[PDB]
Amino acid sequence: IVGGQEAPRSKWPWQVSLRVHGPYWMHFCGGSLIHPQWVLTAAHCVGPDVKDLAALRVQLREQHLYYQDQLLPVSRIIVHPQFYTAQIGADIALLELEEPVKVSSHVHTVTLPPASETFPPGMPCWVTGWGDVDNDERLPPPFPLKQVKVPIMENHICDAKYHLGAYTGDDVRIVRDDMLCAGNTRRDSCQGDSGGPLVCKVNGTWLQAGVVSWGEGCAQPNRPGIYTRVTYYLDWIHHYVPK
């Protein structure tokens, strides 16, 4: 997370940390609890190649990473089949936990938007996570969960920005239709936030508009953050995740 700051402990009850087995269960990606037994994340965080579930764990809402670890095993990794790379698209995945979690004020699901929802450009949204606080710049210990207010941006406008200073032809799609974008040169998500959530308060309730996907660096000029548009894959998600 670039810009923004440490999050109050009562905020973002659905944020989660993905841990991979090594000298210690290390955080490699963010995620979100969208259902007592399901975690929404970014496909590249766990794909394209097949993974060994034995080496993966999910950590629910934690104020400071690693301090009060309570690792939860995963039973299934469902990576969207159209995924191969973040730039191409369909960068979204599902993690089924072996046991549902006992929700509470402190830890509970976030809500998916309805297939109609669109989130207008210049709409206040928040992205959260434990990622780098800047290009090649780790979040130092005690590893607090961070948050930043980032403005949504019209799909075509981000595509347009990504063509500036680039040899890529203007009519060649870079930011694709299954993507969403937010951020500026001051506020943005970075490495370590991947698979994390982008949420916006709509009519007084929180909806996940996106999943932290990719981008050319973090908060770079004319290089806004690119996210996997959630509304776009709701049908795929609901094929596994009960309504």
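Position 1 is the first residue in the sequence shown; the rest follow in order. What we label the rigid core is the largest C-alpha set whose atoms superpose within 1.5 Å from one form to the other.
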- Item | in 8 other deposited structures of this protein, rigid core aligned: more displaced of 132-140 and 114-122 by C-alpha RMS | 114-122
- Hey, which bit's got the bigger mean C-alpha B factor in the entry, 195-203 or 34-42? 195-203
- On average, are the C-alpha B-factors higher in 124-132 or in 103-111? 103-111
- Message: If I read the C-alpha B-factors straight from the PDB entry, which of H163, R76, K146, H80 is highest?
- Response: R76
- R19 - Cα temperature factor, lowest/middle/highest third of chain: lowest
- Task: Report the third (lowest, middle or highest) to which the CA temperature factor of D178 belongs, ranking only the modelled residues of the same chain.
- Result: lowest
- Message: Split into thirds by Cα B-factor across the chain's modelled residues, where does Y66 land: lowest, middle or highest?
- Response: middle
- Hey, what third does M153 fall into on Cα B-factor, ranked over its chain? highest
- Assigned third (lowest, middle, highest) for the C-alpha B factor of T228: lowest
